[PDB]
Amino acid sequence: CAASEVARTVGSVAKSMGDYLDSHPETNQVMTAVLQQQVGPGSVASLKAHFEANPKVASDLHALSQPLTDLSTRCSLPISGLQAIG
Amino acid sequence: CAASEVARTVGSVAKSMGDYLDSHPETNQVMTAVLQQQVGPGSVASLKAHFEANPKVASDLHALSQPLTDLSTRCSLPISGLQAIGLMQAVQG
Amino acid sequence: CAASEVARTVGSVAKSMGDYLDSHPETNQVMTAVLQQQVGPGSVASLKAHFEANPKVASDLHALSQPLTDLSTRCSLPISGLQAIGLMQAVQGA
Amino acid sequence: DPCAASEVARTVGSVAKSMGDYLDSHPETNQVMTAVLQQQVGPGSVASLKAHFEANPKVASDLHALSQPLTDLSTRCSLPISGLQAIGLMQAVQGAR
């Protein structure tokens with residue numbers, strides 16, 4: 001639960017999420033537009049719809065995020081968030 | 001400046017930080033305290049004393065967080081320090 | 001749901017908690033120890049231990065915190081968003 | 001004593017109230033801050049925060065002064081705990097509930 005281990009987890013989840021997106025340009029395009037539009041309103045919707053229509057991608061990304069969600073239980077210290085300011 | 005690349009770059013930096021912290025136990029402890037205390041003013045003073053007494057780790061960790069600041073500078077994307085906190089919330093899921 | 005109104009709500013809730021704690025010395029010291037622990041470790045745990053022994057204080061504090069959770073629903077920000085602002089302030093300080 | 005949780009709650013409470021008075025009296029700071037609450041602490045709102053503070057160093061200096069009762073408390077007692085720590089503890093109660 002040490003900072004070294006939070007960082008390592010977030011590092012292997014982020015990387016795997018990365019590889020997956022790289023291999024899935026459509027999804028990679030829709031997440032890309034979200035980051036360009038600062039997670040504003042229009043890009044969130046496009047993303048929601050992309051998940052309804054691609055239940056495999058949604059469950060695959062969910063599986064890749066699991067260790068991160070495990071962690072902030074197994075330790076449960078703050079947001080699964082700002083910890084990743086690094 | 002694709003999402004895959006920002007996630008990959010978050011992925012390697014965080015990895016590299018974690019390995020750094022694993023081999024630097026006192027610093028591991030000093031960041032662990034900051035995380036388990038929500039970056040309170042106590043944990044900061046002690047991180048500050050730590051960086052001041054250990055300038056090599058301050059620069060080692062700074063060098064490590066570079067590829068992320070470079071990505072933000074290269075891309076005009078959240079990604080980096082101040083911006084990132086807002087970004088991380090909102091990757092709210 | 002303006003910032004000024006959340007700030008005022010947070011303002012008056014926090015003050016009512018204070019007056020409350022002021023007249024509940026024992027709850028006052030449990031909370032006090034949690035802050036000094038910097039709100040770490042079994043700060044959740046010692047809170048439960050105190051609330052199991054003291055259901056009326058548990059319930060008194062919930063009622064006093066209503067306006068805040070009420071506003072939190074009425075508007076947004078599941079309280080992690082006030083956190084988020086606080087996190088930014090803290091990293092600017094740092 | 002004056003370093004108890006009752007006292008920090010009270011201090012937090014006058015800071016927040018007087019921050020509400022300040023925003024109420026500075027609608028462009030209110031606007032930027034409301035947008036941040038409304039947009040859910042988005043990346044964009046934060047850039048607007050920064051630019052707001054940059055075009056208005058008076059605002060950052062005022063904001064600094066409004067929290068000063070906390071820092072004083074912190075030093076008379078030194079927990080220098082923040083609004084955040086206060087929010088932390090609230091979240092800690094909810095989670096216990």
# chains A, B, ... in the order shown; residues from 1 in each chain; ligands from 1

call {"tool": "interface_residues", "arguments": {"of": "chain A", "to": "chain C", "cutoff": "10 Å", "atoms": "only C-alpha atoms", "output": "PyMOL selection string"}}
result
chain A and resi 77-79+81-82+85

call {"tool": "interface_residues", "arguments": {"of": "chain B", "to": "chain C", "cutoff": "10 Å", "atoms": "only C-alpha atoms", "output": "MDAnalysis selection string"}}
result
chainID B and resid 33 35:45 47:48 81:86 88:90

call {"tool": "interface_residues", "arguments": {"of": "chain D", "to": "chain C", "cutoff": "6 Å", "atoms": "only C-alpha atoms", "output": "list in words"}}
result
residues 4, 5, 6, 9, 10, 13, 16, 17, 20, 23, 24, 33, 34, 84, 92 and 96 of chain D

call {"tool": "atom_distance", "arguments": {"atom1": "CA of residue 57 in chain A", "atom2": "CA of residue 26 in chain A"}}
result
10.4 Å

call {"tool": "closest_atom_pairs", "arguments": {"of": "chain D", "to": "chain B", "cutoff": "7 Å", "atoms": "only C-alpha atoms", "output": "tab-separated table"}}
result
residue	atom	partner	partner_atom	distance
D:41	CA	B:86	CA	5.5
D:42	CA	B:86	CA	5.1
D:43	CA	B:86	CA	4.7
D:46	CA	B:83	CA	6.8
D:79	CA	B:42	CA	7.0
D:80	CA	B:41	CA	5.8
D:81	CA	B:41	CA	6.0
D:82	CA	B:40	CA	6.7
D:85	CA	B:40	CA	6.4

call {"tool": "residues_around", "arguments": {"residues": "residue 13 in chain B", "least_positions_apart": "4", "cutoff": "7 Å", "atoms": "only C-alpha atoms", "output": "list in words"}}
result
residues 9, 17, 64 and 65 of chain B

call {"tool": "residues_around", "arguments": {"residues": "range 62-72 of chain A", "least_positions_apart": "6", "cutoff": "8 Å", "atoms": "only C-alpha atoms", "output": "list in words"}}
result
residues 1, 6, 9, 10, 13, 16, 17, 78, 79 and 80 of chain A
